[PDB]
Amino acid sequence: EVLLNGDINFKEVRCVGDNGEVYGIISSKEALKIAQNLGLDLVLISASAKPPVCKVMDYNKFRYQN
């Protein structure tokens, strides 16, 4: 239901961490590189938002929040 990791393809995303960390507006490729280097997932929160909002977080935690 939720797009993750390599399935998130946008030229620009607003990338936020799980405790208020600001990464700014970066490519989905850059956001994925940050998530991978931090041992985390990239989770698409909103594609409707412009630019789309992604979080760098543990997907297992996202899944259980919902």
# chains A, B, ... in the order shown; residues from 1 in each chain; ligands from 1
$ residues_around --residues "residue 47 in chain A" --least-positions-apart "5" --cutoff "10 Å" --atoms "only C-alpha atoms" --output "MDAnalysis selection string"
chainID A and resid 3 8 10 13 52:54
$ select_by_dssp --residues "chain A" --states "helix (DSSP H, G or I)" --output "ChimeraX atom specification"
/A:5-7,28-37,59-65
$ write_last_selection --atoms "N, CA, C and O atoms" --output "PDB file, in the first residue's frame"
ATOM      1  N   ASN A   5      11.636   2.702  -0.457  1.00  0.00           N
ATOM      2  CA  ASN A   5      13.030   2.453  -0.911  1.00  0.00           C
ATOM      3  C   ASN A   5      13.062   2.708  -2.431  1.00  0.00           C
ATOM      4  O   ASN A   5      12.710   3.841  -2.826  1.00  0.00           O
ATOM      5  N   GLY A   6      13.501   1.731  -3.236  1.00  0.00           N
ATOM      6  CA  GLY A   6      13.858   1.917  -4.663  1.00  0.00           C
ATOM      7  C   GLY A   6      12.641   2.171  -5.542  1.00  0.00           C
ATOM      8  O   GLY A   6      12.824   2.555  -6.726  1.00  0.00           O
ATOM      9  N   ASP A   7      11.436   1.966  -5.002  1.00  0.00           N
ATOM     10  CA  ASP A   7      10.142   2.156  -5.711  1.00  0.00           C
ATOM     11  C   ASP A   7       9.722   3.635  -5.696  1.00  0.00           C
ATOM     12  O   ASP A   7       8.701   3.970  -6.330  1.00  0.00           O
ATOM     13  N   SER A  28      14.934  11.666  -4.987  1.00  0.00           N
ATOM     14  CA  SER A  28      14.585  10.385  -4.331  1.00  0.00           C
ATOM     15  C   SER A  28      15.855   9.501  -4.275  1.00  0.00           C
ATOM     16  O   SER A  28      16.011   8.778  -3.295  1.00  0.00           O
ATOM     17  N   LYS A  29      16.727   9.583  -5.268  1.00  0.00           N
ATOM     18  CA  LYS A  29      17.987   8.813  -5.299  1.00  0.00           C
ATOM     19  C   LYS A  29      18.863   9.218  -4.106  1.00  0.00           C
ATOM     20  O   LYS A  29      19.529   8.345  -3.493  1.00  0.00           O
ATOM     21  N   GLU A  30      18.989  10.503  -3.864  1.00  0.00           N
ATOM     22  CA  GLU A  30      19.789  11.018  -2.741  1.00  0.00           C
ATOM     23  C   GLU A  30      19.109  10.591  -1.436  1.00  0.00           C
ATOM     24  O   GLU A  30      19.812  10.231  -0.502  1.00  0.00           O
ATOM     25  N   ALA A  31      17.784  10.662  -1.333  1.00  0.00           N
ATOM     26  CA  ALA A  31      17.080  10.317  -0.083  1.00  0.00           C
ATOM     27  C   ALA A  31      17.310   8.827   0.222  1.00  0.00           C
ATOM     28  O   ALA A  31      17.597   8.449   1.382  1.00  0.00           O
ATOM     29  N   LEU A  32      17.252   8.017  -0.821  1.00  0.00           N
ATOM     30  CA  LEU A  32      17.492   6.553  -0.688  1.00  0.00           C
ATOM     31  C   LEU A  32      18.948   6.313  -0.251  1.00  0.00           C
ATOM     32  O   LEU A  32      19.157   5.495   0.618  1.00  0.00           O
ATOM     33  N   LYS A  33      19.937   6.992  -0.832  1.00  0.00           N
ATOM     34  CA  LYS A  33      21.342   6.877  -0.416  1.00  0.00           C
ATOM     35  C   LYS A  33      21.446   7.238   1.067  1.00  0.00           C
ATOM     36  O   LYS A  33      22.127   6.511   1.810  1.00  0.00           O
ATOM     37  N   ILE A  34      20.766   8.285   1.522  1.00  0.00           N
ATOM     38  CA  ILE A  34      20.856   8.668   2.956  1.00  0.00           C
ATOM     39  C   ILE A  34      20.218   7.549   3.778  1.00  0.00           C
ATOM     40  O   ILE A  34      20.837   7.089   4.733  1.00  0.00           O
ATOM     41  N   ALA A  35      19.039   7.073   3.417  1.00  0.00           N
ATOM     42  CA  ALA A  35      18.342   6.032   4.209  1.00  0.00           C
ATOM     43  C   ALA A  35      19.236   4.786   4.311  1.00  0.00           C
ATOM     44  O   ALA A  35      19.402   4.236   5.413  1.00  0.00           O
ATOM     45  N   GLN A  36      19.818   4.353   3.190  1.00  0.00           N
ATOM     46  CA  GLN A  36      20.651   3.116   3.158  1.00  0.00           C
ATOM     47  C   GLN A  36      21.859   3.295   4.049  1.00  0.00           C
ATOM     48  O   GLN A  36      22.190   2.380   4.804  1.00  0.00           O
ATOM     49  N   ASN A  37      22.511   4.459   3.990  1.00  0.00           N
ATOM     50  CA  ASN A  37      23.742   4.712   4.778  1.00  0.00           C
ATOM     51  C   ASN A  37      23.386   4.837   6.256  1.00  0.00           C
ATOM     52  O   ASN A  37      24.290   4.679   7.103  1.00  0.00           O
ATOM     53  N   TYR A  59      10.730   1.032   8.649  1.00  0.00           N
ATOM     54  CA  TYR A  59       9.410   0.718   8.054  1.00  0.00           C
ATOM     55  C   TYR A  59       8.576  -0.137   9.018  1.00  0.00           C
ATOM     56  O   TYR A  59       7.329  -0.002   9.078  1.00  0.00           O
ATOM     57  N   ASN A  60       9.211  -1.026   9.760  1.00  0.00           N
ATOM     58  CA  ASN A  60       8.476  -1.857  10.752  1.00  0.00           C
ATOM     59  C   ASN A  60       7.769  -0.944  11.759  1.00  0.00           C
ATOM     60  O   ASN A  60       6.632  -1.254  12.137  1.00  0.00           O
ATOM     61  N   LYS A  61       8.380   0.181  12.119  1.00  0.00           N
ATOM     62  CA  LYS A  61       7.779   1.163  13.060  1.00  0.00           C
ATOM     63  C   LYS A  61       6.605   1.889  12.375  1.00  0.00           C
ATOM     64  O   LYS A  61       5.590   2.127  13.044  1.00  0.00           O
ATOM     65  N   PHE A  62       6.742   2.233  11.090  1.00  0.00           N
ATOM     66  CA  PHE A  62       5.666   2.891  10.302  1.00  0.00           C
ATOM     67  C   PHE A  62       4.432   1.981  10.311  1.00  0.00           C
ATOM     68  O   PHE A  62       3.324   2.458  10.599  1.00  0.00           O
ATOM     69  N   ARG A  63       4.664   0.721   9.945  1.00  0.00           N
ATOM     70  CA  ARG A  63       3.648  -0.342   9.747  1.00  0.00           C
ATOM     71  C   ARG A  63       2.854  -0.488  11.050  1.00  0.00           C
ATOM     72  O   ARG A  63       1.610  -0.543  10.966  1.00  0.00           O
ATOM     73  N   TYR A  64       3.534  -0.456  12.205  1.00  0.00           N
ATOM     74  CA  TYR A  64       2.859  -0.650  13.517  1.00  0.00           C
ATOM     75  C   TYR A  64       2.211   0.662  13.992  1.00  0.00           C
ATOM     76  O   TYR A  64       1.156   0.568  14.624  1.00  0.00           O
ATOM     77  N   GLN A  65       2.758   1.839  13.667  1.00  0.00           N
ATOM     78  CA  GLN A  65       2.061   3.128  13.965  1.00  0.00           C
ATOM     79  C   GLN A  65       0.659   3.089  13.340  1.00  0.00           C
ATOM     80  O   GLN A  65      -0.321   3.424  14.042  1.00  0.00           O
TER      81      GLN A  65
END
$ atom_distance --atom1 "CA of residue 26 in chain A" --atom2 "CA of residue 14 in chain A"
6.7 Å
$ atom_distance --atom1 "CA of residue 41 in chain A" --atom2 "CA of residue 57 in chain A"
5.4 Å
$ select_by_dssp --residues "chain A" --states "strand (DSSP E)" --output "list in words"
residues 13, 14, 15, 16, 17, 22, 23, 24, 25, 26, 41, 42, 43, 44, 45, 46, 53, 54, 55, 56 and 57 of chain A
$ closest_residue --among "A:49, A:66, A:43, A:1" --to "residue 18 in chain A" --atoms "only C-alpha atoms"
A:43
